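Visitor: Going line by line, the protein sequences match chains A and C. Sequence positions in the first sequence follow the authors' numbering and run 18 to 54, 85 to 126. Sequence positions in the second sequence follow the authors' numbering and run 878 to 1185, 1192 to 1210. Where is the CB? At the ideal position from N, CA and C, for every residue including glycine.
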Amino acid sequence: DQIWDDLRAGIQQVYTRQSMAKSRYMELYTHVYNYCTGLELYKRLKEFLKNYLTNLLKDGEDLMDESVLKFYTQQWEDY
Amino acid sequence: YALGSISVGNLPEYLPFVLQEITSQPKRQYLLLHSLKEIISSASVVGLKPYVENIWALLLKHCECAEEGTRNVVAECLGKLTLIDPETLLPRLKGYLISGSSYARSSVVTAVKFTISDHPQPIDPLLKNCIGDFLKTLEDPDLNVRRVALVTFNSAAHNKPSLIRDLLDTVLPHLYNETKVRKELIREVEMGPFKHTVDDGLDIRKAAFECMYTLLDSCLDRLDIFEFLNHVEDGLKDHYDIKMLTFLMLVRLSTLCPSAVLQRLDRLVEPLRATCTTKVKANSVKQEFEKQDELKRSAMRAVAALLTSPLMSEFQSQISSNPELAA
């Protein structure tokens, strides 16, 4: 909870299509290992995922057939 | 649909209303356009003669739109409207191809795609003469133009293959060239041990393979076999969907010209054996395991169909339990 801000934006970085070096991946793994060595994190991650899906649905509610299948495909691939 | 049907009743009082309403609101035209699609398919042609220039101008103005669905709708509307008075529109469509933009060219080629019908139509000779330059000299410059041209060619072959009967050889080199893979159009992003490759040109390859498969109906007597199976041999090692499509092609080819298939079975199966000798990547989700399993089953089915001795006896301890599941 103390370093809750740390890695916060990182949760979005994986979702956004942007290139990231292996150094950042090592740093995130090190932070996760340090934090692990505590069930509130699971609930927080679940709530964040639910909020992200709700935000995605908010935009994906005004498209008809033949124009939403591709969008759903790319969104599923990214998820 | 109700609005479109009602517009047919009193064209002078309804058609202009919807025409101006389309331009009035941008958040509703997407529906209104659909209604217009009914008018051309429901309204009397003789009564529709006066209201043609306005519709054509509106479609051309709305042809270049950011929304892909709107572009499809306008393309279908233009294709449906092209049926009437072809002698007055065909030269204009030909002219637009001399200096039109990529989006305009894509829209116009998509419009004529729907003009083809299984039953005879009075636009038979006109379309036969017009499709020449559309199919021949419109696959070089662009990627989207190439994809739409290939889709139109496949649709024509599936519905009416007589139009591409006298010019099949004139377009064979371009179709064969389009099958080659391009490594400039393959982007990759890596952020750790995992890897994911995204291809921006895979759509064209699938269309080309589908066209090649559908060309087997009543065109094998003309196209040569040796120059045709080399590209298939190259494409055996390709994407999963293309791999299954090629396997099904090979299965279908078992009953057709078996001599040619037997004369090269060795090199046809060598890539297939190499693929079958593949192992699932360690520490992978069950989806990859299942995908490779279906690929292996499809490969076994393909080889079994082809069989009906380049080291064909390779039944190890595990693979020996697979065939009873396939047969």
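#1: Between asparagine 1160/C and chain A, is the shortest Cβ-Cβ distance under 8 Å, so that the two count as touching?
#2: Tell me which same chain residues have a C-beta within less than 6 Å of the C-beta of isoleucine 1000/C, skipping the five on either side of it?
#3: Which chain A residues are close to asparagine 949/C, counting only those with a beta carbon under 9 Å from its beta carbon?
#4: Cα separation between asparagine 949/C and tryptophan 123/A?
#5: Pull up the distance between the alpha-carbon of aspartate 1017/C and that of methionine 43/A, whole angstroms please.
#6: Quick one: Cα of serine 994/C to Cα of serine 1196/C, how far?
#7: Is it the case that the Cβ atoms of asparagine 1021/C and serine 979/C are separated by a distance below 8 Å?
#8: Would you mind telling me which residues of chain A sit closer than 8 Å to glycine 1069/C, beta carbon to beta carbon, in chain order?
#9: Excluding five sequence neighbours on each side, which residues of the same chain lie with their C-beta closer than 7 Å to the C-beta of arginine 1023/C?
#10: Chain A partners of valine 1025/C, CB-CB under 8 Å?
#11: Let me confirm a value: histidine 1073/C is counted as buried when at least 16 other C-beta atoms fall within 10 Å, else exposed. Which label applies?
#12: Using the rule of at least 16 other Cβ atoms within 10 Å of the residue's Cβ for burial, across every protein chain shown, is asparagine 1031/C buried or exposed?
#13: In three-state DSSP terms, what is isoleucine 917/C?
#14: Can a CB atom of chain A be found closer than 8 Å to the CB of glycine 972/C?
#15: Can you check DSSP and say which residues form a bridge with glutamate 1065/C?
#16: When the cut-off is 8 Å and only beta carbons count, does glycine 946/C lie next to chain A?
#17: Would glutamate 898/C be called buried (16 or more neighbouring beta carbons within 10 Å of its own) or exposed?
#18: Here's the rule I'm using: 16 or more other beta-carbon atoms within 10 Å means buried, otherwise exposed. How should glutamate 953/C be labelled?
#19: For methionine 1121/C and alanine 1176/C, I'd like the C-alpha separation in whole angstroms.
#20: Interface residues of chain A around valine 1066/C at Cβ under 9 Å?
#21: Going along the chain, which unbroken runs of the alpha helix (DSSP H) with 4 or more residues stay wholly within the segment 1096 to 1120 of chain C?
#22: Counting Cβ pairs closer than 8 Å, one from the segment 1142 to 1158 of chain C and one from the segment 1092 to 1105 of chain C, do we hit at least three?
#23: Is it a yes or a no for the segment 1048 to 1065 of chain C touching the segment 1081 to 1097 of chain C, going by three-plus beta-carbon pairs under 8 Å?
#24: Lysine 1163/C to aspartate 1118/C, Cα distance in whole Å?
#25: Measuring CA to CA, which of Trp21/A, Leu45/A and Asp18/A is closest to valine 31/A?
#26: Less than 8 Å between the beta carbons of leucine 909/C and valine 923/C, yes or no?
#27: With a CB to CB cut of under 6 Å and the five nearest residues on each side skipped, what residues in its chain are close to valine 989/C?
#28: Relative to the alpha-carbon of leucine 966/C, which residue among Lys926/C, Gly946/C, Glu944/C and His939/C has its alpha-carbon at the smallest distance?
#29: Considering only the beta carbon of each residue, do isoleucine 932/C and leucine 958/C sit closer than 8 Å?
#30: Checking 8 Å against the spacing of the C-beta atoms, do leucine 970/C and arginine 982/C come in under that value?
#31: Run through DSSP, which three-state label would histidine 911/C get?
#32: Can you tell me where the alpha helix (DSSP H) with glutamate 113/A in it begins and where it stops?
Guide: Short version:
#1: Position 283 of the second sequence, counted from the first residue, corresponds to residue 1160/C. No, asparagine 1160/C lies away from the interface with chain A (no Cβ there is under 8 Å from its Cβ).
#2: Working through the second sequence from its first residue, we reach residue 1000/C at position 123. Excluding its 5 nearest sequence neighbours in each direction, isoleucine 1000/C has C-beta neighbours in its own chain below 6 Å: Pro963, listed in chain order.
#3: If you number the second sequence from 1, residue 949/C lands on position 72. At a C-beta separation below 9 Å, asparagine 949/C has these neighbours in chain A: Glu113 and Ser114.
#4: Translated into positions along the second sequence, residue 949/C becomes position 72. Translated into positions along the first sequence, residue 123/A becomes position 76. Their backbone Cα atoms lie some 24 Å apart in a straight line.
#5: Mapped onto the second sequence, residue 1017/C falls at position 140. Mapped onto the first sequence, residue 43/A falls at position 26. Each residue's alpha carbon lies about 46 Å from the other.
#6: Position 117 of the second sequence, counting from 1, holds the residue named residue 994/C. Position 313 of the second sequence, counting from 1, holds the residue named residue 1196/C. Inter-residue distance for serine 994/C and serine 1196/C is about 50 Å (C-alpha atoms, whole angstroms).
#7: Looking up residue 1021/C in the second sequence gives position 144. Looking up residue 979/C in the second sequence gives position 102. Their beta carbons are under 8 Å apart, which means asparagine 1021/C touches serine 979/C by this criterion.
#8: Position 192 of the second sequence, counted from the start, is the residue given in the question as residue 1069/C. Per Cβ cutoff of 8 Å: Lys39 and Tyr42.
#9: Walking along the second sequence from the start, residue 1023/C turns up at place 146. The beta carbon of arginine 1023/C sits closer than 7 Å to those of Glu1016, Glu1055 and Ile1081, all from its chain and outside the five residues before and after it, given in chain order.
#10: By one-based count along the second sequence, residue 1025/C stands at place 148. At a C-beta separation below 8 Å, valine 1025/C has no neighbours in chain A, since its nearest C-beta there lies roughly 16 Å away.
#11: Numbered from 1 along the second sequence, position 196 holds the residue referred to as residue 1073/C. With fewer than 16 other Cβ atoms inside 10 Å of its own Cβ, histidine 1073/C counts as exposed.
#12: Working through the second sequence from its first residue, we reach residue 1031/C at position 154. Using a 10 angstroms sphere on the CB of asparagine 1031/C, the tally of other CB atoms reaches 16 or more, which defines it as buried.
#13: Locating residue 917/C in the second sequence gives position 40, counting from the first residue. Of the three classes helix, strand and coil, the one that applies to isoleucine 917/C here is helix, per DSSP.
#14: Position 95 of the second sequence, counting from 1, holds the residue named residue 972/C. For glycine 972/C, no Cβ of chain A is located within less than 8 Å of the residue's own Cβ.
#15: As a position in the second sequence, residue 1065/C is number 188, starting the count at 1. Paired residues: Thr1074/C.
#16: Start at 1 with the first residue of the second sequence, and residue 946/C comes out as number 69. Answer yes: the Cβ-Cβ gap between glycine 946/C and chain A drops below 8 Å somewhere.
#17: In the second sequence, counting from the first residue as 1, residue 898/C sits at position 21. The residue in question, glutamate 898/C, is exposed, as its Cβ has fewer than 16 Cβ neighbours within 10 Å.
#18: To locate residue 953/C, count along the second sequence from 1; it is residue 76. Buried, by the Cβ-count rule.
#19: Counting from one through the second sequence, the residue named residue 1121/C turns up at place 244. Counting from one through the second sequence, the residue named residue 1176/C turns up at place 299. The alpha-carbon separation between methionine 1121/C and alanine 1176/C amounts to approximately 8 Å.
#20: Here residue 1066/C corresponds to residue number 189 of the second sequence, with the count starting at 1. Identification of chain A residues near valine 1066/C by a Cβ-Cβ cut-off of 9 Å yields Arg34, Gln35, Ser36 and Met37, ordered along the chain.
#21: Taking only runs of at least 4 residues, the alpha helix (DSSP H) segments lying wholly in the segment 1096 to 1120 of chain C are 1103 to 1112.
#22: Counting C-beta pairs with one atom in each stretch, the segment 1142 to 1158 of chain C and the segment 1092 to 1105 of chain C have fewer than three that are closer than 8 Å, which means they do not touch.
#23: By the C-beta criterion, the segment 1048 to 1065 of chain C is judged to be in contact with the segment 1081 to 1097 of chain C, since at least 3 inter-stretch pairs fall below 8 Å.
#24: Counting from one through the second sequence, the residue named residue 1163/C turns up at place 286. Counting from one through the second sequence, the residue named residue 1118/C turns up at place 241. Cα to Cα, the separation comes out at about 19 Å.
#25: The residue given as residue 31/A occupies position 14 in the first sequence. Nearest option by C-alpha distance: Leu45/A.
#26: Taking the second sequence and counting its residues from 1, the one referred to as residue 909/C is at position 32. Taking the second sequence and counting its residues from 1, the one referred to as residue 923/C is at position 46. When the beta-carbon positions are compared, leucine 909/C and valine 923/C stay at least 8 Å from each other.
#27: Mapped onto the second sequence, residue 989/C falls at position 112. Apart from sequence neighbours up to five positions away, no residue of its chain approaches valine 989/C with a beta-carbon distance below 6 Å.
#28: Locating residue 966/C in the second sequence gives position 89, counting from the first residue. Nearest C-alpha to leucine 966/C: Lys926/C.
#29: Here residue 932/C refers to the residue found at position 55 when the second sequence is read from its first residue. Here residue 958/C refers to the residue found at position 81 when the second sequence is read from its first residue. Note that the C-beta distance between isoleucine 932/C and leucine 958/C is below 8 Å.
#30: For this step, residue 970/C is matched to residue 93 along the second sequence. For this step, residue 982/C is matched to residue 105 along the second sequence. Their beta carbons are not under 8 Å apart, which means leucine 970/C does not touch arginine 982/C by this criterion.
#31: Translated into the one-based positions of the second sequence, residue 911/C becomes position 34. Three-state DSSP puts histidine 911/C in a helix.
#32: If you number the first sequence from 1, residue 113/A lands on position 66. Segment: none, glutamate 113/A is in no alpha helix (DSSP H) and carries neither H nor E.
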